[PDB]
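Below is one structure, written out as structure tokens; the observations come after it.
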Amino acid sequence: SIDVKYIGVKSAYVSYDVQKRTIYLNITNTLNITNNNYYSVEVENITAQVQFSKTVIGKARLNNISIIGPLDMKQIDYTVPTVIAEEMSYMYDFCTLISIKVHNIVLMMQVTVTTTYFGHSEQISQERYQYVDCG
Amino acid sequence: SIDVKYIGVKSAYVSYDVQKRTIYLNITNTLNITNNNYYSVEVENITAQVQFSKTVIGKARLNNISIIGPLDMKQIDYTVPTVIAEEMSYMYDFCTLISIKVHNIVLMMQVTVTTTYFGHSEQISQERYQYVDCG
Amino acid sequence: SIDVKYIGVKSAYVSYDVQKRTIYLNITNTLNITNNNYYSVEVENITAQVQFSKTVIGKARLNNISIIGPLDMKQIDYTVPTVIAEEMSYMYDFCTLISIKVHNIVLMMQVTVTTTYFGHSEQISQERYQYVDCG
Ligand SMILES: *[C@@H]1O[C@H](CO)[C@@H](O)[C@H](O)[C@H]1NC(C)=O
Ligand SMILES: *[C@@H]1O[C@H](CO)[C@@H](O)[C@H](O)[C@H]1NC(C)=O
Ligand SMILES: *[C@@H]1O[C@H](CO)[C@@H](O)[C@H](O)[C@H]1NC(C)=O
Ligand SMILES: *[C@@H]1O[C@H](CO)[C@@H](O)[C@H](O)[C@H]1NC(C)=O
Ligand SMILES: *[C@@H]1O[C@H](CO)[C@@H](O)[C@H](O)[C@H]1NC(C)=O
Ligand SMILES: *[C@@H]1O[C@H](CO)[C@@H](O)[C@H](O)[C@H]1NC(C)=O
Ligand SMILES: *[C@@H]1O[C@H](CO)[C@@H](O)[C@H](O)[C@H]1NC(C)=O
Ligand SMILES: *[C@@H]1O[C@H](CO)[C@@H](O)[C@H](O)[C@H]1NC(C)=O
Ligand SMILES: *[C@@H]1O[C@H](CO)[C@@H](O)[C@H](O)[C@H]1NC(C)=O
Ligand SMILES: *[C@@H]1O[C@H](CO)[C@@H](O)[C@H](O)[C@H]1NC(C)=O
Ligand SMILES: *[C@@H]1O[C@H](CO)[C@@H](O)[C@H](O)[C@H]1NC(C)=O
Ligand SMILES: *[C@@H]1O[C@H](CO)[C@@H](O)[C@H](O)[C@H]1NC(C)=O
């Protein structure tokens with residue numbers, strides 16, 4: 001990345017801003033902007049690139065061979081009982097939340113067992129989070 | 001990365017800002033901006049790049065071979081009972097939260113068993129968090 | 001990275017700012033800005049790069065071989081009972097939170113078993129945290 005910007009409200013190169021209930025009288029504004037941008041990003045000069053994978057098996061006895069990749073979830077139990085017994089009561093639940101395994105952003109790249117790779121990998125995440133808002 | 005910016009409210013190269021209830025009279029503003037940017041990022045000059053992987057097995061006896069990658073979750077139990085018994089009571093739950101395994105940002109890169117790689121890996125995360133807001 | 005900036009409210013190269021209830025009279029502002037930026041970042045000059053992995057097995061007897069990567073979670077138990085018995089009572093729970101394994105930012109890079117890599121790895125995280133706000 002080159003230019004990553006997070007701005008809460010207002011982003012401006014030039015901002016002539018006047019707010020409310022304001023007197024803006026007898027103003028002479030002169031502005032000259034000579035802006036130039038030159039970009040040379042991700043230039044590659046490879047005369048020879050070689051990726052080689054070789055597997056050779058000869059008169060071999062293989063048994064009980066197990067290969068497991070990443071992210072192996074096994075024998076997982078969730079138990080969230082919710083028992084509510086009432087007896088001449090006044091129940092007032094305004095905003096009650098029961099969240100189980102809530103995912104917002106899941107970015108996965110090159111999650112493998114055997115990988116051979118060359119170059120650039122980029123991940124960018126921007127957000128403005130707000131889970132619960134009870135007024 | 002080159003230029004990473006976090007700004008809460010206002011980002012400006014030039015900001016002529018006037019707020020409320022203001023008198024802005026008899027003003028002469030003159031502005032000249034000669035801005036130049038030159039960027040030479042991620043330039044690679046490789047005459048010869050070689051990646052080599054070789055596996056050779058000869059008259060070999062392999063048994064009980066186990067390979068497990070990362071992120072191995074096994075035999076995980078969650079138990080969150082919620083028993084509520086009422087007897088002539090006044091229940092007032094305004095904002096009650098029960099959160100189990102809540103994920104917001106999960107970025108995964110090159111999570112493997114065997115990896116051969118070359119270059120640049122970049123991860124950028126920006127956020128403005130707010131979980132619970134009870135007014 | 002080159003330029004990492006965190007700013008709470010206001011970021012400005014030039015800020016002519018006038019607040020409220022202000023008298024701004026008889027002002028002569030003259031501004032000249034000659035700004036130049038030159039960037040030469042991440043330049044690589046490799047005549048020959050070699051990565052080599054070789055495995056050779058000969059008349060070998062292998063047994064009970066176990067390889068486990070990172071992040072191995074096994075036999076994990078969570079138990080959070082919540083028993084509430086009422087008897088002519090007045091329950092007032094404004095903002096009660098029960099959080100179990102709450103993740104906000106999880107960035108993972110090159111979490112492997114065997115890794116061969118070359119270059120640049122960058123991780124940048126910016127946030128403005130606020131978990132609980134009970135007014
Ligand atoms: C604004 O400029 C004009 C022309 O220069 C002038 O006649 C006028 O009086 C100015 N305003 C005030 C409030 O003086
Ligand atoms: C920008 O404009 C102003 C306005 O008169 C002038 O004086 C200045 O020479 C200009 N600059 C360029 C680089 O054109
Ligand atoms: C890539 O092309 C040629 C061959 O290597 C080289 O002379 C040139 O300078 C390179 N270009 C850049 C932008 O580096
Ligand atoms: C391992 O080998 C034994 C006997 O050779 C077999 O009973 C067992 O099932 C094998 N393991 C697996 C996971 O299959
Ligand atoms: C603003 O400028 C004009 C012209 O120069 C002038 O006549 C006027 O009196 C000025 N304003 C005030 C409040 O003096
Ligand atoms: C910018 O503009 C002002 C306005 O008169 C001028 O005096 C100055 O020479 C200018 N500069 C350039 C670099 O153009
Ligand atoms: C890459 O290209 C040629 C070959 O190595 C070299 O002369 C040149 O200076 C390089 N370019 C840059 C921008 O470094
Ligand atoms: C290991 O080998 C024994 C006998 O050789 C077998 O019973 C067992 O199942 C093997 N282990 C696995 C995990 O399969
Ligand atoms: C502002 O400038 C003008 C012109 O130079 C002048 O006539 C006026 O009196 C000034 N303002 C005040 C409040 O003196
Ligand atoms: C910037 O502008 C001012 C305005 O008169 C001028 O005096 C100065 O020479 C200028 N500088 C450049 C570098 O252009
Ligand atoms: C890379 O390219 C050539 C080959 O090594 C070298 O002469 C040049 O100075 C290098 N470029 C940079 C920007 O260092
Ligand atoms: C280790 O070997 C014994 C006998 O050789 C076998 O019973 C056992 O299961 C092996 N271990 C594993 C983890 O398989």
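When a ligand or atom number is given, it counts from 1 through the structure's own listing order. Per chain, numbering begins at 1; letters A, B, ... match sequence-line order.
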**Prompt:** CD1 of C:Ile23: more than 12 outside heavy atoms within 6.0 angstrom?
**Reply:** no
**Complete:** Output for ligand 11, non-hydrogen cut-off under 4.0 Å, lists B:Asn45, C:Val43, C:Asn45
**Message:** A quick test of your reading: do over 12 heavy atoms of other residues, nucleotides or ligands sit less than 6.0 Å from OH of A:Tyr90?
**Reply:** no
**Residues in side chain to side chain donor-acceptor pair (under 3.5 Å) contact with B:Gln75, at least two apart in sequence or another chain** = A:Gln75, C:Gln75
**Prompt:** Is there a donor-acceptor pair under 3.5 Å between the side chain of A:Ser89 and the backbone N or O of B:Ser89?
**Reply:** yes
**Parallel, tilted or perpendicular: ring planes of B:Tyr131 versus B:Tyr129, cut at 30 and 60 degrees** = parallel
**Asked** Relative to the heavy atoms of C:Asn26, which atoms of ligand 9 are at a distance of less than 4.0 Å?
**Response** 1 (C), 2 (O), 3 (C), 8 (C), 10 (C), 11 (N), 12 (C), 13 (C)
**Item:** Donor-acceptor under 3.5 Å (A:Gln110 side chain, A:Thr115 main chain)
**Value:** no
